[PDB]
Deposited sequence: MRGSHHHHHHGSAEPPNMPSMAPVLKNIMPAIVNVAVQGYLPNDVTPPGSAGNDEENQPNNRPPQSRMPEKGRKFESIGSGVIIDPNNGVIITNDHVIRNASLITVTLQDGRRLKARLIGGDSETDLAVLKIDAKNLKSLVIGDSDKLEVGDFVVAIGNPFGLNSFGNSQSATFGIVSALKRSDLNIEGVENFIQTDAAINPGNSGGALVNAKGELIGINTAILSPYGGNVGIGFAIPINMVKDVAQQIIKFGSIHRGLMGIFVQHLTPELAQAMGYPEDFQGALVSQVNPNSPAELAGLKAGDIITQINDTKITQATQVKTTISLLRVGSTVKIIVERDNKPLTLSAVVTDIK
């Protein structure tokens, strides 16, 4: 008589209810969702972008009951993710798997905490892997877990029998990014860029006066890594455009069609480099 309770038991402490006493910008509301703690030490919670939208107040009911004060570390509408910290003790966490293992047909359960007093679970499979995960489990900002009961995704209800989650890998990338900066910008060919602060600039033996976008992380098999591009590079110049702003790469790129051969001047180990690169529909 197989059952999913055995693993569910294990992975439900690390689920939190989330209430957002917010006003609606120039009428009150109370948006409420669920969330998940990925670091128990630094007490990091993840949740939906849209839940903490317009948040004046941010409160996290633990599973053991501890109603709490949360802090918006950061957001990512680009993937509806959102990072929070709660200052607290005796916090339990359960395992994170690796999305890269996800086959379709793999069994999952979507878990949440819609009412703070409690739990909630649905069942289906990985339906499709489009960067969405698709699933026939019913739907948010909660855990998605595999048949081993490992945290492999985070749930995001949007616009039926079609659940939708975000891989925990992609979700770790934005989080850890958002933690380390007012972060997560995303740009060309699966790369993550940040602002080259003076403090960074010089930290890397460069000058404070020096400028570019800072390639923070290049995701493998990205046309960027293909283009020869790595983390710690400083895009000085996409084509004719002097890149001295981090969000230029994007606005710059967006205004160029697919099948177009682009020249990124990166600045690595104190020397310029053109990089043969290519845009893709």
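Residues of the deposited sequence lacking C-alpha coordinates, counted from 1, fall in the stretches 1-17, 44-72, 164-168, 182-191, 201-204, 225-230, 353-354.
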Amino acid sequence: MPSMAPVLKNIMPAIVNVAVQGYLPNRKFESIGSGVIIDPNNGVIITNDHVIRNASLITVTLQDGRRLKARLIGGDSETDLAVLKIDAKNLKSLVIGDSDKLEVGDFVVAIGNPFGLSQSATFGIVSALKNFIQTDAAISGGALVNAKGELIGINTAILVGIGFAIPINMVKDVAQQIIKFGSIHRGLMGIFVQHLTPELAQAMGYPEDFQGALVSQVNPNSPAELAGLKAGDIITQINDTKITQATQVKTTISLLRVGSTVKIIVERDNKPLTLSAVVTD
From here on, numbers count along this sequence of modelled residues.
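Per the PDB record, of the two stretches 168-176 and 183-191, 183-191 carries the greater mean B-factor over its C-alpha atoms. Ranked by C-alpha B-factor against the other modelled residues of its chain, residue 236 falls in the lowest third. Compared with the other modelled residues of the chain, the Cα B-factor recorded for residue 162 ranks in the middle third. The deposited CA B-factor of residue 253 belongs to the highest third of values across its chain.
When the CA B factors of the chain's modelled residues are split into thirds, the value for residue 123 lands in the lowest one. Among the modelled residues of the chain, residue 247 sits in the highest third by CA temperature factor in this PDB entry.
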